[PDB]
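Here, each number is a calculation from the coordinates, and none is a lab measurement. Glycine gets a Cβ as well: all are built from the backbone with ideal geometry, and neighbour counts include every protein chain shown.
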Amino acid sequence: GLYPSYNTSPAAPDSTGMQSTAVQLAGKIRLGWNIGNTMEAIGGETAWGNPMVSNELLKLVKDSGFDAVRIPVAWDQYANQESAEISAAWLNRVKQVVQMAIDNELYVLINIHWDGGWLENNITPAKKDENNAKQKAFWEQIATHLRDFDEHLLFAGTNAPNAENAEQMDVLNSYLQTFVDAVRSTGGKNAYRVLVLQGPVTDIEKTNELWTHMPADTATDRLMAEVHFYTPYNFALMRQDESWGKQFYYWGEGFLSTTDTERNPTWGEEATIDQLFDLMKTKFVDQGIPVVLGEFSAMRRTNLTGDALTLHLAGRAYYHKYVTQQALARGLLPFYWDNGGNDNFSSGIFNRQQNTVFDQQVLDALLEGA
Ligand SMILES: *[C@H]1O[C@H](CO)[C@@H](O[C@@H]2O[C@H](CO[C@H]3OC[C@@H](O)[C@H](O)[C@H]3O)[C@@H](O[C@@H]3O[C@H](CO[C@H]4OC[C@@H](O)[C@H](O)[C@H]4O)[C@@H](O[C@@H]4O[C@H](CO)[C@@H](O)[C@H](O)[C@H]4O)[C@H](O)[C@H]3O)[C@H](O)[C@H]2O)[C@H](O)[C@H]1F
């Protein structure tokens, strides 16, 4: 025992408000919104330029057409490093955000995010034992504190674990098992809660290649898989050209340039999106395991001027509709990655300071795809 036990009040198993299976719950969610760069920000909830989460925001998210929110949460910076005890004040703040999301009739997925990297960048044999110990200690606390919420609340054990090979995959399977056991151990509604497990690098191709089995669960039919999606990188995230490749400003049938043609895609088009999603349908969905698509977005390039900009914006919108639509058609639940920014290279579709829509075009694209 590196750390004390935090499974200090285990409760009797409680199935009340927990009647849905993972498949049934996935049936209720078609469009999801990440509260990005907020509860996971290093330095505090407001450290990365977003205000504290308010009811008014969650209300706008609901009223705009989202069924669910994914809330990235940081924990390690709030914990005593000797004991792994998480601040009581932080636990209550997270609980409070969950409560308000569930009061606006949203499903809610809470994780341990990148979190400064303690687990995420350490899917390795040398770190396996210490990280399991912290995974267990944190999840005991988070689950105990959030135990009484009904099936509107789901937990995801990690964010984007960096497992690049079979030996790292084995370590990841260990981290994911530690998460399930920790949560189930607390009892209460946590005996039945739907949990979400992440694939290697949350990458479709690597998941298809390395994923072996789901963790063992004392509960029946209560697990989902998770991947993320930024294909093609050159369009969605790349901000400068490199020796290895050029940025794409434009994407989709009908929105390609004839003037700056080096800025059209050379890969990662519709057929590729289709092919990648079909891998997750076969590995998971077709086997009765839904798949959460926890993170996707193509950033805005507002450093373009004139018809270049207009064309980028059209393709950028279509990209979000196509991903949303083609993911839903295959049993993946799309959660848009929103960082709150309204400036160049950002992904915020709301203006968080005013509780209004900043990017109506991408909002409509998402809803149409939905
Ligand atoms: C899936 O991928 C998503 C897309 O990459 C991830 O979201 C992105 O997260 C990074 C944080 O990265 C850490 O967590 C993820 C790990 O994979 C990384 O290895 C870690 O480094 C965010 O970057 C942070 O952004 C904040 C906020 O400001 C920026 O973003 C908003 C935009 O409007 C603005 O123009 C950007 O400047 C940065 O905080 C600011 O920093 C400056 C400089 O010190 C300071 O003046 C500001 O006051 C301060 O607010 C921060 O330094 C930067 O790391 C991405 O914005 C986010 O999209 C997702 O986490 C992953 F799971």
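Need one word for the chain: rounded, prolate or oblate. Basis is the Cα gyration tensor (sqrt eigenvalues a ≥ b ≥ c); a/c below 1.5 gives rounded, then a/b vs b/c decides.
Prolate shape, in that a/c is at least 1.5 and a/b is the bigger ratio.
Tell me the label-point distance for the pair residue 47, residue 165, using the 7 Å Cα-to-Cβ offset, in nm and rounded to one decimal.
If labels sit at residue 47 and residue 165, their model points lie 3.3 nm apart.
Where does helix 88-103 land angle-wise versus the long Cα axis of the chain, in degrees 0 to 90, nearest 10?
Taking Cα atoms only, the helix is inclined about 60 degrees.
Subtracting the Cα-Cα distance from 0.36 nm times the residue separation, let me have the gained length for residue 217 to residue 14 in nm, one decimal. Don't skip to the answer; put the middle values down first.
On the way: separation 203, 0.36 × 203 = 73.08 nm, distance 1.60 nm.
Between residue 217 and residue 14, full extension yields 71.5 nm more.
Roughly what angle does helix 306-328 make with the longest principal axis of the chain, taking Cα atoms, 0 to 90 degrees, to the nearest 10?
40
Calculate the length of the line joining the C-alpha centroid of the stretch 38-113 to that of the stretch 211-286, in whole Å.
Taking the Cα centre of the stretch 211-286 as reference, the centre of the stretch 38-113 is 27 Å away.
In percent, how large is the relative contact order of the stretch 197-349, given Cα pairs closer than 8 Å and 6 or more residues apart?
On the way: 236 pairs, mean separation 37.6, N = 153.
Computed value for the stretch 197-349: 25 percent relative contact order.
Which of 9, 54, 257 comes first, and how do the rest follow, when ranked by fewest Cβ neighbours within 10 Å? Before the final figure, lay out each step's value.
Details: 9 10, 54 13, 257 16.
The most exposed by this proxy come first: 9, 54, 257.
To test your reading of the geometry: what angle, between 0 and 90 degrees and rounded to tens, separates the Cα axis of helix 360-369 from the longest principal axis of the chain?
On a 0 to 90 degree scale, this one is about 70.
Which chymotrypsin sites (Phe, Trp or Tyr not before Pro) in the stretch 242-337 pass both tests, a DSSP loop state and at most 10 other beta-carbon atoms within 10 Å? Mind dumping the intermediate values first?
On the way: sites: 244, 248, 249, 250, 251, 255, 267, 277, 284, 296, 318, 319, 322, 335, 336, 337; in loops: 244, 248, 249, 250, 251, 255, 267, 284, 337.
Counting only loop positions with at most 10 other Cβ atoms within 10 Å, the chymotrypsin sites (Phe, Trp or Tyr not before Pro) in the stretch 242-337 are 244.
Using a simple spin-label model with points 7 Å from Cα along the Cα→Cβ vector, what separation in nm is obtained for residue 103 and residue 23?
So the label points at residue 103 and residue 23 sit 3.6 nm apart.
Treating only the Cβ of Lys, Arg, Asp and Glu as charged (+1, +1, -1, -1), what charge dipole size does the chain show about its Cα centre? Round to the nearest 20 debye.
Numbers: 28 positive and 46 negative charges, 105 e Å.
The dipole of the chain has a size of about 500 debye.
Considering only DSSP beta bridges whose two residues both sit in the chain, what percent are antiparallel, to the nearest 5? Before the final figure, lay out each step's value.
Numbers: 4 of 33 bridges.
Beta bridges within the chain, antiparallel portion: roughly 10 percent.
How much length would be gained if the chain were fully extended between residue 237 and residue 205, taking 0.36 nm per residue of separation minus their Cα-Cα distance, in nm to one decimal?
On the way: separation 32, 0.36 × 32 = 11.52 nm, distance 1.85 nm.
In short, 9.7 nm is gained.
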